[PDB]
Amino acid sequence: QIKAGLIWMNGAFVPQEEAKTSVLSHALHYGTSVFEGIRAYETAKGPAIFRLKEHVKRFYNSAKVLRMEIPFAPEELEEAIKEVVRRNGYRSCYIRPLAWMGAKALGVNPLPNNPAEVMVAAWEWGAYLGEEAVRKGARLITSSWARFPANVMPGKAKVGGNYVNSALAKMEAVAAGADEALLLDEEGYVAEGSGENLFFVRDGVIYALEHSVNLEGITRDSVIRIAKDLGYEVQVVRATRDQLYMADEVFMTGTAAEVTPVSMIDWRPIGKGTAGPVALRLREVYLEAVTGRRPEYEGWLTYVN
């Protein structure tokens, strides 16, 4: 079970046991929900939520794609997100805002079901004080499931239904013995991980992948800024699986994945076969940023206390 505790349900917090919805809810049958993934890190000044406004903006943007009406002002949701951290006494945690179409009707068209129901839940996130797993690097395997074309599913939004594609790819990767799946688009180019954006390094240059059919990662954005600030040249390109195979380094970014070095893809070692110095350095600075240790990046933090 998930230890969420107090959950914000359409305007008010209620015990986890009361945070339930009808099994006739539109989103439970047709994937018509939108959600976010936000992290709060402990800092010398207490818990700090990372790039809250950017995540809330994307939350409302995802809703717009489904023509879903969120009956709350962004300001209200932001306060609820801060409150879910405070009320539960969390420090390092994962926050999951969710807006879903309710049970007014079950016609596939979700418009009659507006406005959407909304909830905000959060749970503890274990801090990583080790290093072996990160330095060993993650092992990826290219999926047999292609990332949806931009006119099939809205890849720039975090729409519930979209994740069936991610789920299928993730299960496949894990079954094959890998840590994560690397999905290609229908044309055969690299797209993204089941829940992470991809980067690679070659001859001193950092290559971020184009947005193509992927989600515009906030971690990706953060990493690009950090890289440029450190003096690295950053280029945005479309990439093939074999460009990754021969890269000096490959790494993934995501709210949950932070900055994760990738040491092997399809059983082919990447560079030295372990995490490289560039990815490790970016992860290092990124973590200093999210924990309030970099004054230049304080603007990205929202302290709950």
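One rule holds for the numbers: they count along the sequence shown, beginning at 1.
- Note: missing coordinates for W145 occur in none of the other compared entries bracketing this position, so the one-third threshold is not reached.
- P97 is built in all of the other entries compared, counting only those with both neighbours built, so it is not a gap in a third.
- Two stretches are in play, 26 to 34 and 48 to 56, and the higher mean C-alpha B-factor belongs to 48 to 56.
- A summary of the deposited B-factors shows that, of 136 to 144 and 118 to 126, the stretch with the larger mean C-alpha value is 118 to 126.
- Between the residues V159, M171, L77, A227, the entry's highest C-alpha temperature factor is the one at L77.
- Highest C-alpha temperature factor among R220, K82, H211, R202 per the entry: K82.
- When the CA B factors of the chain's modelled residues are split into thirds, the value for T253 lands in the lowest one.
- Split the chain's modelled residues into thirds by C-alpha temperature factor. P154 is in the lowest one.
- The deposited CA B-factor of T240 belongs to the lowest third of values across its chain.
- Split the chain's modelled residues into thirds by C-alpha temperature factor. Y189 is in the lowest one.
- Placement of the Cα temperature factor of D179 within the chain: middle third of the modelled residues, per the deposited record.
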